[PDB]
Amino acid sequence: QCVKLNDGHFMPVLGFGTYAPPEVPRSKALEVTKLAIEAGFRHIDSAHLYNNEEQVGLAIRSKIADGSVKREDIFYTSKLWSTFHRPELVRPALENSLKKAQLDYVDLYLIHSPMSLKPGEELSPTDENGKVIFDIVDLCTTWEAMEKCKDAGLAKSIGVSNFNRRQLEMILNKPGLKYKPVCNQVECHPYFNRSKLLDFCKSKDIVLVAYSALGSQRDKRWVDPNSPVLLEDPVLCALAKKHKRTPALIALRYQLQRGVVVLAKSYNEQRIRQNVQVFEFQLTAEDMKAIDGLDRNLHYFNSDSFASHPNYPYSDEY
């Protein structure tokens, strides 16, 4: 099952999340991405930030070489990291991502975050006192360079991630805009369901793509350990028992039924195989309303250190 993007391309509605923290050996990304394709995932979400594009690309090429899929059957996403927003850096960053993955094109290239950072080799450039160094970049010029990557055939579609309404409007209202973003990939789950942003995106022909749809990896470096564990929610657990599924499957199916494309990370073979069951059942309208009732404006990623960034996306209502 796919959704038609505003540029005519098609995006599978269930995507495999590939981020794993640095303590996980890089070889794991190759192993689990192969498992994901074998289980039925056809949309694969990576990024420069994840330091795994070589391994994720190897997995895609493995499943092509063994005859399981063709390149046209796979929807591969990468993302432009925030140290590469300056327009002259955009196409080389994409070409480097393609070289790592050994792919001729990505199906989707995203601006990973609106919060530009100092250009250089470091993913998180810091000054003398350990403070992250921001950069000021007109994201409309970044977007024009993204459009040129689409026209060059290096990205089939282009989109954004972690943008709020105001930041989307800045692109949408840009003079001489050639391609709208096809999507906005954002944190989205029953405790932070993004209903207003979803409505806005629908009104602009933009797909909302949910990350941390299972409640995030709860990495103690960026998630409060005292935050509620999404998959332990009593309503999700009751719905799982009713449908003979699992809380994770309820959380994924919720997004599909509200028009949201949903990512799911797992580095566990059994859970990878479980997650494709999202297509095997339906939630009732009443079930959906129960899940809607869980919304509590809870964002798992602790971005408070970036609150002073002029492009911090979470200060606006949506």
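For the two forms, the rigid core is made up of the largest set of C-alpha atoms that agree within 1.5 Å on superposition. Throughout, we count residues from 1 along the sequence that is shown.
Engineer: After a core fit, does 218-226 or 72-80 show the bigger CA gap to the shown form in 9 other deposited structures of this protein?
Structural biologist: It is 218-226 that deviates more in 9 other deposited structures of this protein.
Engineer: Looking at C-alpha RMS in 9 other deposited structures of this protein with the core superposed, is it 304-312 or 8-16 that drifts more?
Structural biologist: Higher average C-alpha offset in 9 other deposited structures of this protein goes to 304-312.
Engineer: Is the mean CA B factor in the deposited entry higher across 228-236 or across 155-163?
Structural biologist: It is 228-236 that shows the higher mean C-alpha B-factor.
Engineer: Could you check the entry and say whether 185-193 or 116-124 has the higher mean CA B-factor?
Structural biologist: It is 116-124 that shows the higher mean C-alpha B-factor.
Engineer: Among 205, 88, 107, 199, single out the one with the highest C-alpha B factor in the record, please.
Structural biologist: Result of the comparison over 205, 88, 107, 199: 88.
Engineer: Looking at 254, 281, 50, 41, which has the highest CA B-factor as recorded?
Structural biologist: Answer for 254, 281, 50, 41: 281, with the highest C-alpha B-factor.
Engineer: Taking the chain's C-alpha temperature factors as the reference, tell me which third residue 215 falls into: lowest, middle or highest.
Structural biologist: Lowest third.
Engineer: Where does residue 81 sit by CA temperature factor within its chain: lowest, middle or highest third?
Structural biologist: For residue 81, whose C-alpha B-factor we compare with every modelled residue in the chain, the answer is the lowest third.
Engineer: Select lowest, middle or highest to describe the third in which the CA B-factor of residue 55 falls within its chain in this entry.
Structural biologist: It falls in the bottom third of the chain.
Engineer: Rank-wise, by C-alpha B-factor, drop residue 98 into the lowest, middle or highest third of its chain.
Structural biologist: Middle third.
Engineer: Lowest, middle or highest third: where is residue 294 by Cα B-factor in its chain?
Structural biologist: According to the entry, residue 294 has a C-alpha B-factor in the chain's middle third.
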